[PDB]
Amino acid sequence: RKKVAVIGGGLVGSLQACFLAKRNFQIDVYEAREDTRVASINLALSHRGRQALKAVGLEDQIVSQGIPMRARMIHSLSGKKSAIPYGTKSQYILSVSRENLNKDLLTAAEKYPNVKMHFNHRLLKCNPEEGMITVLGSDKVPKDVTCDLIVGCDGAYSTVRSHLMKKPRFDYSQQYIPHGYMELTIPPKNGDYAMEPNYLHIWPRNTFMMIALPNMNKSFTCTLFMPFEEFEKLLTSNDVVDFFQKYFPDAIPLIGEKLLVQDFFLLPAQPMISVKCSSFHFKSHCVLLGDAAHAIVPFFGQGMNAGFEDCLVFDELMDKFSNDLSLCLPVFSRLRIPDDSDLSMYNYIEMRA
């Protein structure tokens, strides 16, 4: 039995646990955060992402909890709506709860005898060549443990990644992009959806935009993507309401003015990083999946779905190369990296037609 340390019990980490569990590895997952089953909110799941769940027999489980989006609904500056179908049926996407997907994936990974969950454990440091990691439980005693394979599934700020990268003469490397994001809610109207549920709703503007995905509880979660330069200018409730009157006129009625002003100032806008690694593996000891390998901002694509495909492709290599990691890893890097727009920046011009 070969020993695997999966760093990160998020979306990709939990998925990968299931894939590896099928291959009779000894898998220990280490999640810094607490078990969410005791203790953004939406995502669009794609056809490609589905395939990965199906490969571990979770699809129908997760699909039943999801609301299908079969077209875009565009909200123009004037507050008018227009529908745009997806070309192919395979472009349909599914709105799913982030939290509950993570819950389901974790339970699925525990259904396996050879999987043990280690919550409230934060990788402080690791050694790739040495196959050793340094974790930290709540008891707060740095204990070091060895392993055969380290799977960096520890998200956009991967600690595993920080150890696999070299560190040049003068680090002229910006981490964050100039855009930030903020979540709002369109609540139900009369115990039902305040707009058309089976659409991805989009308020495209040039340098900023909002999107809305439906929830099972008959609300929509909004996400507003804006340069910090713009967020900076919205200091008061009056500023916010003014901004929304001017750029998202139909949104205020849907969200409600009070609710908007409350939720807008719960937190600063959340920053985002755009990174890609030259390689997703070290030797035969360490591989990166999900945002650890490629942190994809939503403007340029679909991070979860990409990470889920990471798992699928990795699993296909394992079949292909009979669990030989010396081969799977390097080939994984080579085959994934070359896998490269609903949320692009544009003005939407209303025509007479």
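Note that residue numbering follows the sequence shown and begins at 1.
Trainee: As recorded in the PDB entry, how many deposited residues are without coordinates between residue 340 and residue 341: none, 1 to 3, 4 to 9, or 10 or more?
Mentor: Missing residues, residue 340 to residue 341: 1 to 3.
Trainee: On average, which has the higher Cα B-factor in the deposited entry, 143 to 151 or 238 to 246?
Mentor: Per the deposited B-factors, the answer is 143 to 151.
Trainee: Which is higher on mean Cα B factor in this entry, 118 to 126 or 177 to 185?
Mentor: Averaging CA B-factors over each stretch, the winner is 118 to 126.
Trainee: Can you tell me which of 258, 75, 281, 89 has the maximum CA B-factor listed in the PDB entry?
Mentor: That would be 89.
Trainee: Could you say which of 214, 131, 79, 271 has its CA atom at the highest B factor, as listed in the PDB entry?
Mentor: By C-alpha B-factor in the record, 131 ranks first.
Trainee: By the record's CA B-factor, is residue 301 among the lowest, middle or highest third of residues in the chain?
Mentor: For residue 301, whose C-alpha B-factor we compare with every modelled residue in the chain, the answer is the middle third.
Trainee: When the modelled residues of the chain are sorted by Cα temperature factor, does residue 294 land in the lowest, middle or highest third?
Mentor: Lowest third.
Trainee: Can you work out whether the C-alpha temperature factor of residue 157 puts it in the lowest, middle or highest third of the chain?
Mentor: Middle third of the chain for residue 157's C-alpha B-factor.
Trainee: Consider only the C-alpha atoms of the modelled residues in this chain, order them by B-factor as the entry records it, and name the third containing residue 68: lowest, middle or highest.
Mentor: Its C-alpha B-factor, which the entry lists for residue 68, ranks in the middle third among residues of this chain.
Trainee: Taking the chain's C-alpha temperature factors as the reference, tell me which third residue 170 falls into: lowest, middle or highest.
Mentor: Highest third.
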